[PDB]
Amino acid sequence: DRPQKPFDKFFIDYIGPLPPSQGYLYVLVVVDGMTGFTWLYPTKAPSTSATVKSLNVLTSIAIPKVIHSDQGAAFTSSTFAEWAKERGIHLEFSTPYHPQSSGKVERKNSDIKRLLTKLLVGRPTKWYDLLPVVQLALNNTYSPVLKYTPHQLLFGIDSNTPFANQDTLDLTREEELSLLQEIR
Amino acid sequence: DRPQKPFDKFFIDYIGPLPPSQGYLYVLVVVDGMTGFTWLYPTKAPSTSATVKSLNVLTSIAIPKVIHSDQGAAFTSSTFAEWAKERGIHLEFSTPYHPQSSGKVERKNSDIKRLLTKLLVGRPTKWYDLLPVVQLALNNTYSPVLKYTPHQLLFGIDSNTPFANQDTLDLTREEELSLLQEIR
Amino acid sequence: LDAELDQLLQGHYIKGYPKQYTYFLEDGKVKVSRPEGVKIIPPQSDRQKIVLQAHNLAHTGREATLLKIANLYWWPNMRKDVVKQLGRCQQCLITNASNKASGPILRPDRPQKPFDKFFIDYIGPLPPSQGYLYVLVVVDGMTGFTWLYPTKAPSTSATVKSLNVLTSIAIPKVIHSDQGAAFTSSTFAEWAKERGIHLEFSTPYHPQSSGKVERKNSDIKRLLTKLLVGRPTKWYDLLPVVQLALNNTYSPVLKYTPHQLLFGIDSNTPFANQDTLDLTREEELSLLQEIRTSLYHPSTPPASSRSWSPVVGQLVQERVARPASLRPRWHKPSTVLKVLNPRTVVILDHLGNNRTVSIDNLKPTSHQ
Amino acid sequence: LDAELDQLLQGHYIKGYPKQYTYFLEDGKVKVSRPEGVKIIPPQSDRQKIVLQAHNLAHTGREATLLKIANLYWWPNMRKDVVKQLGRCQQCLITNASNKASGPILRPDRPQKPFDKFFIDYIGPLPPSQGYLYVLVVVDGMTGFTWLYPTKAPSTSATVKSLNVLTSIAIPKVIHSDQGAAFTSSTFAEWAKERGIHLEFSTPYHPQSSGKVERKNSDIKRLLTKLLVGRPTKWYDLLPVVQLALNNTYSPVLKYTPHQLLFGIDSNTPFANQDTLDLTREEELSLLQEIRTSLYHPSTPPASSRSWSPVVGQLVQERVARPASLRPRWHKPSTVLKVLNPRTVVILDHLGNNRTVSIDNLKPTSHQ
DNA sequence: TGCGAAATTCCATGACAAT
DNA sequence: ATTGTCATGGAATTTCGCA
DNA sequence: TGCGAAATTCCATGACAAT
DNA sequence: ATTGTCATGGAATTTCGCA
Ligand SMILES: [Zn+2]
Ligand SMILES: [Zn+2]
């Protein structure tokens with residue numbers, strides 16, 4: 001079998017609802033399977049329409065052969081199916097209650113949730129503006145398994161924003177508290 | 001002495017007052033001495049100002065070395081003198097009550113008065129519009145003394161409007177009457 | 001299509017398909033192993049659709065379209081098929097630029113005499129000066145001698161008023177103008193017939209054809225600009241001065257002023273030439289006739305390396321005059337009826353009206 | 001003046017005055033009989049006034065001015081005197097056109113990597129579409145890969161909004177732009193420093209310097225025009241399609257698409273290239289690095305036969321940007337401080353500010 | 001070892017513009 | 001302190017398929 | 001029958017434009 | 001049914017003044 005490549009498979013999922021930030025509540029997460037590259041789109045709902053609107057932007061830059069998701073209603077709608085079929089994109093679903101991407105993707109998605117949570121707390125409403133820098137961070141994070149960051153794998157060069165000081169995604173004792181207090 | 005040339009000497013005089021035509025009452029007559037070429041300018045008065053206004057047009061095309069006139073007030077004013085001096089034009093006056101141009105010029109001026117009178121009568125008020133064709137006629141009229149018309153002498157070519165049928169400047173018995181009736 | 005591809009698979013020779021390659025079947029598709037790699041050979045009946053899909057991605061030209069197609073497919077004489085489609089893409093044909101230059105310009109003979117031909121034109125609008133906004137410029141073709149008239153509009157009425165004053169002096173055989181409203185009006189046409197004057201018009205949107213007066217407009221504006229430096233742009237009172245100044249200026253290539261060419265002798269202006277003081281007027285006119293006939297005349301320049309000259313029955317496209325934003329710069333193709341000269345043609349425009357048209361406003365339609 | 005002319009009249013030789021001519025007196029004027037005829041020799045002290053009177057009739061250049069003067073006068077080295085005056089006529093200097101062409105263009109090296117340099121620019125205004133009037137165009141210098149963003153104004157605020165989305169992907173070392181208001185604002189400067197991005201600006205009024213994006217603008221408009229033929233100009237919904245279409249279009253000279261140059265592999269788009277299916281990603285990136293370094297680069301063209309290249313301390317004039325009607329097209333002379341490169345200079349503009357300036361917007365001041 | 005035709009490369013031409 | 005670019009379709013050149 | 005300098009000619013460059 | 005033009009100032013070329 002032929003070696004894995006960028007655009008072979010995009011993994012998508014929603015994160016949310018989150019505290020409103022400039023009108024938005026959810027984040028559509030797209031991760032390329034081979035490179036671990038991540039794109040994030042703020043939406044107002046986990047709807048087919050929000051998904052199509054967001055993916056229309058991404059697919060103006062590159063088109064995946066396969067999109068993989070869970071059996072979310074947004075992703076299983078016949079509208080979304082029509083959309084994929086128009087672009088020659090094959091849709092692929094994990095079986096219900098049994099989500100399964102890949103190790104790299106699972107770990108990437110873990111990092112995304114943790115990184116968000118960490119930066120959210122203290123300013124849980126300012127996340128709309130942080131999405132660009134969150135993405136740069138995720139995408140210039142060195143992969144222990146491969147020798148490279150997603151940026152390097154996607155573009156074949158070093159980045160002008162190396163993120164050398166890879167911090168804790170872990171919460172400081174302070175943040176733990178101010179996050180426990182937010183949910184009250 | 002060196003042979004006579006166009007622009008050596010312009011002879012000028014007023015004709016009028018005439019019946020009003022589009023607001024005008026007089027005709028300033030300019031005749032080049034060598035060629036017999038004639039330019040005509042309608043004015044509202046035989047004033048220095050009207051003279052300067054009209055001659056400013058003519059002198060935008062060619063400048064005479066000498067202007068000759070009678071001792072008309074318009075031509076003897078110190079303003080008109082200032083004007084000539086500005087353009088390096090020498091002014092020259094016939095002695096009072098003794099007008100004297102030259103045979104060619106005298107005859108040319110005779111033709112102008114007669115030609116006007118002839119065309120005026122019957123439409124004594126429409127002369128403003130006839131000035132162009134009057135000038136073409138005068139200027140494409142063959143000189144018995146020289147072998148050429150003023151047009152030919154001025155430009156060194158034949159004209160696209162030869163006036164072959166040189167009519168009577170004499171008045172038909174009809175015109176004599178309708179002109180006698182006008183002055184009543 | 002299906003027939004040809006059948007014979008191929010067994011190994012029986014088809015013209016166009018190189019015999020030295022292995023043509024096999026796979027995934028229900030006829031394929032060939034070519035140096036670049038394995039390509040699908042589509043049935044003949046499928047190829048047009050393919051060429052069109054590839055071309056339509058970005059409406060690309062020959063090579064760019066081919067480079068797409070060759071990623072998946074191989075078949076004989078692909079570019080022939082690509083080109084066939086380009087020649088039929090209406091959107092490409094009327095949107096793309098030409099890459100062929102016009103043939104070398106004509107240098108029409110200088111009119112033989114003063115008053116043979118006037119070139120006329122309006123300059124403006126200029127900053128208002130005594131209520132005036134335009135200048136009617138009249139250039140005698142033979143002499144270069146110019147007349148200036150200030151107007152409030154580039155109208156027929158103002159033209160007629162001005163030219164009645166001018167033609168007091170002499171009547172021209174021909175007045176040449178551009179296709180401006182003021183000269184194309186029926187009123188102006190009448191004013192001319194009334195006087196024996198033939199109206200001649202430049203081809204539409206081609207001021208090169210009025211080059212004589214256009215070029216004189218440059219000089220007029222240039223001198224006005226200079227005289228108005230550090231003063232308000234009050235040009236009305238300067239027209240007479242500019243007219244006189246320019247009519248008495250030497251053209252270095254001719255060694256004469258337009259005044260000299262018109263009269264054969266300087267009037268009482270500064271630095272008047274005195275070299276015929278001892279000739280009679282007749283001897284002067286004689287010398288003048290000689291000088292007029294022997295003026296330098298430029299010749300047609302070399303054609304550029306990739307120019308085109310028009311042929312009867314050739315397909316050509318006229319440039320849209322004032323194309324809207326995001327609209328094609330070219331009209332639909334049309335046919336060359338008559339070749340008036342190598343720079344001027346009559347076309348039938350598919351409406352079909354007859355238009356006389358400069359080749360500077362045409363391109364040869366691409367791909368035959 | 002009076003001394004020289006005295007010695008001359010008796011017959012004692014003066015340098016400059018040919019000995020073989022008869023210099024006499026007449027009408028209180030020193031004269032000479034020259035082949036062309038009899039000319040007045042004015043005293044030295046009179047000559048400047050003369051040259052100036054002749055020149056000022058129509059503000060003529062060298063030969064035309066001389067031809068006037070030579071009608072009346074002769075003296076040694078007249079053109080030297082004429083030229084001295086032309087070099088001092090402020091009105092001529094700032095009004096006349098240049099007749100020397102710019103030196104041959106530079107072909108700056110293609111950026112080595114994607115994200116080394118962006119060129120950015122606004123297209124518009126376009127016919128309104130969903131309230132949008134402009135398109136921010138971002139072209140990666142190395143790859144040609146382009147991003148399109150519809151805006152309601154070519155404003156700093158809209159730029160920042162768009163570029164924040166783009167830089168989600170990656171941050172460029174340099175963004176090059178023209179001197180448009182939206183990019184020269186201090187707010188934009190701050191937005192950049194905040195991110196480690198160096199702003200680079202084209203010389204003023206020289207879009208050749210933004211050629212990468214300007215040229216891409218052409219392609220964008222050209223494809224929009226085609227897709228909108230016989231439909232209303234509703235371009236907003238087509239931006240994404242155009243972006244994708246152009247990023248996946250071959251440049252015939254490179255044999256690659258900008259997408260390929262950016263990623264080294266086609267995505268799921270029509271006619272995707274399959275020639276690295278069997279390479280690993282690493283082998284692909286390796287091949288990509290090779291392809292990036294070996295792209296065709298154009299070279300500087302030949303200089304035209306009459307070009308000028310700038311020299312330190314040379315007098316030069318900058319073109320007035322938006323000259324009013326009947327006003328000079330050139331600024332007063334100014335000095336070349338530094339020659340940044342043969343097409344780019346720093347001048348001191350007599351104010352005197354330092355301006356960095358393209359030579360396409362300069363002329364060498366005439367007559368030294 | 002050379003031919004005719006197809007494929008590829010070459011490159012003039014023109015159009016993007018501005019603050 | 002900065003700097004022209006590149007799609008396009010005929011033509012010229014090279015390569016291909018076959019001896 | 002030839003030299004150095006002045007005079008003249010040559011000519012690329014750019015700008016007039018539009019209906 | 002019509003069609004480029006010509007001022008300009010360096011450079012190249014020619015002519016001049018003198019032997
Ligand atoms: Zn097309
Ligand atoms: Zn001047």
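What you see below is based on every heavy atom in this structure, not just the backbone, and it leaves out hydrogens, waters and symmetry mates. Proteins get letters first, then strands, A, B, ... in listed order; numbering begins at 1 in each.
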Enquirer: Between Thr233(D) and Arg327(C), is there a side-chain heavy-atom distance shorter than 4.5 Å?
Expert: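 A side-chain contact exists here, since the closest heavy-atom pair is under 4.5 Å.
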Enquirer: Checking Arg110(C) now: which residues fulfil salt bridge (charged side-chain N to carboxylate O under 4.0 Å, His left out) with it, not counting sequence neighbours?
Expert: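 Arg110(C) satisfies salt bridge (charged side-chain N to carboxylate O under 4.0 Å, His left out) with no other residue.
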Enquirer: For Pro42(C), does its backbone N or O pair with a side-chain atom of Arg47(C) as donor and acceptor, under 3.5 Å?
Expert: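 Yes; judged by distance alone, with no hydrogens or angles, the pair exists.
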Enquirer: Please state whether the rings of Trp147(C) and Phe118(C) are parallel, tilted or perpendicular, taking 30° and 60° as the class boundaries.
Expert: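 Tilted: the ring planes of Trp147(C) and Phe118(C) meet at 30° to 60°.
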Enquirer: Take atom CD in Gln90(C); do more than 12 heavy atoms of anything else shown fall under 6.0 Å from it?
Expert: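 Atom CD in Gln90(C) is crowded, with more than 12 foreign heavy atoms closer than 6.0 Å.
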Enquirer: Once side chain to side chain contact (heavy atoms under 4.5 Å, CB included) is applied, do any residues pair with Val165(C), and if so which ones, sequence neighbours excluded?
Expert: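 Listed in chain order: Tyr149(C).
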Enquirer: Does anything in residues 333-368 of chain C pair up under ring pair (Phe, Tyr, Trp, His ring centres under 6.0 Å), and if so which pairs, sequence neighbours excluded?
Expert: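 Non-adjacent pairs meeting ring pair (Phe, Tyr, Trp, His ring centres under 6.0 Å): zero.
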Enquirer: Checking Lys338(C) side chain against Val345(C) main chain: does a donor-acceptor pair fall under 3.5 Å?
Expert: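 Checking the backbone N and O of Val345(C) against the side chain of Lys338(C), no donor-acceptor pair under 3.5 Å is found.
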Enquirer: Do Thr184(C) and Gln179(C) pass the side-chain hydrogen bond (donor to acceptor under 3.5 Å, both in side chains) test, and can you show the C-alpha distance, the side-chain angles, and the key distance before you say yes or no?
Expert: CA-CA 6 Å; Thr184(C) 50; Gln179(C) 289 183 27; over 6 Å; no
Enquirer: List the atom pairs, with distances to 0.1 Å, where a side-chain N or O of residues 193-204 of chain C and a protein N or O form a donor-acceptor pair under 3.5 Å, not counting sequence neighbours.
Expert:
residue: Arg195(C); atom: NH1; partner: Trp191(C); partner atom: O; Å: 2.9
residue: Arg195(C); atom: NH2; partner: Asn164(C); partner atom: OD1; Å: 3.2
residue: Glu200(C); atom: OE1; partner: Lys117(C); partner atom: NZ; Å: 2.8
residue: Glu200(C); atom: OE1; partner: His176(C); partner atom: ND1; Å: 3.0
residue: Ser202(C); atom: OG; partner: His176(C); partner atom: NE2; Å: 2.6
residue: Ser202(C); atom: OG; partner: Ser210(C); partner atom: OG; Å: 3.1

Enquirer: Identify, with sequence neighbours excluded, every residue that meets side-chain hydrogen bond (donor to acceptor under 3.5 Å, both in side chains) alongside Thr356(C).
Expert: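 Partners of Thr356(C) under the side-chain hydrogen bond (donor to acceptor under 3.5 Å, both in side chains) test: none.
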Enquirer: Taking 4.0 angstrom as the limit, do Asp360(C) and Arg343(C) come out as a salt bridge?
Expert: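 Yes, charged N to carboxylate O under 4.0 Å.
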Enquirer: Could I get the full list of side-chain hydrogen bond (donor to acceptor under 3.5 Å, both in side chains) partners for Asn247(D), not counting sequence neighbours?
Expert: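 Residues passing side-chain hydrogen bond (donor to acceptor under 3.5 Å, both in side chains) with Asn247(D): none at all.
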Enquirer: Tell me every residue that passes side chain to side chain contact (heavy atoms under 4.5 Å, CB included) with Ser159(B), counting only those two or more places apart in sequence or in another chain.
Expert: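 Counting only residues at least two positions away or on another chain, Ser159(B) forms a side chain to side chain contact (heavy atoms under 4.5 Å, CB included) with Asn140(B), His151(B), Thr161(B).
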Enquirer: Sorted by first residue and then second, give each side chain to side chain donor-acceptor pair (under 3.5 Å) pair with at least one member in residues 64-81 of chain C; sequence neighbours left out.
Expert: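 Of all non-adjacent pairs touching residues 64-81 of chain C, those that pass side chain to side chain donor-acceptor pair (under 3.5 Å) are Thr60(C)-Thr65(C), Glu63(C)-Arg79(C), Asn71(C)-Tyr250(D), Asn71(C)-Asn273(D), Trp75(C)-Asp81(C).
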Enquirer: My understanding is that only residues two or more places apart in sequence, or in another chain, count here; which of them pass side-chain hydrogen bond (donor to acceptor under 3.5 Å, both in side chains) with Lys226(D)?
Expert: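 In terms of side-chain hydrogen bond (donor to acceptor under 3.5 Å, both in side chains), with neighbours along the sequence ignored, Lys226(D) is linked to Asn96(C).
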Enquirer: Name all residues meeting the side chain to side chain contact (heavy atoms under 4.5 Å, CB included) criterion together with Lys49(C); count only those two or more places apart in sequence or in a different chain, and write none if there are none.
Expert: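 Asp46(C), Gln53(C).
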Enquirer: When you look at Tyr132(D) and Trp235(D), which way does the ring pair (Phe, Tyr, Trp, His ring centres under 6.0 Å) test go after all the steps?
Expert: CA-CA 9 Å; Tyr132(D) 289 92; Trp235(D) 53 265; 7.3 Å; no
Enquirer: Which residues satisfy the salt bridge (charged side-chain N to carboxylate O under 4.0 Å, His left out) test with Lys173(C), sequence neighbours excluded?
Expert: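 For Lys173(C), the residues satisfying salt bridge (charged side-chain N to carboxylate O under 4.0 Å, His left out) (neighbours in sequence not counted) are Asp116(C).
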Enquirer: Compute whether any side-chain donor of one residue and acceptor of the other, for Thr143(C) and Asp140(C), lie under 3.5 angstrom apart.
Expert: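 On atom types as modelled, these side chains qualify, holding a pair under 3.5 Å.
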Enquirer: Take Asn341(C) and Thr344(C) through the test side-chain hydrogen bond (donor to acceptor under 3.5 Å, both in side chains) and record every step on the way to the result.
Expert: CA-CA 5 Å; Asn341(C) 65 40; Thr344(C) 323; 2.6 Å; yes
Enquirer: Is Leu57(C) close to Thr249(D) at the side-chain level, that is, under 4.5 Å between some pair of heavy atoms?
Expert: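 Side chain of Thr249(D) against side chain of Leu57(C), heavy atoms only: no contact under 4.5 Å found.
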Enquirer: Do the side chains of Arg222(C) and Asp219(C) get close enough for a salt bridge, i.e. N-O under 4.0 angstrom?
Expert: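 A salt bridge links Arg222(C) with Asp219(C).
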Enquirer: Can you name the side chain to side chain contact (heavy atoms under 4.5 Å, CB included) partners of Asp349(C), sequence neighbours left out?
Expert: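 Residues passing side chain to side chain contact (heavy atoms under 4.5 Å, CB included) with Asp349(C): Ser334(C), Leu351(C), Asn353(C), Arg355(C).
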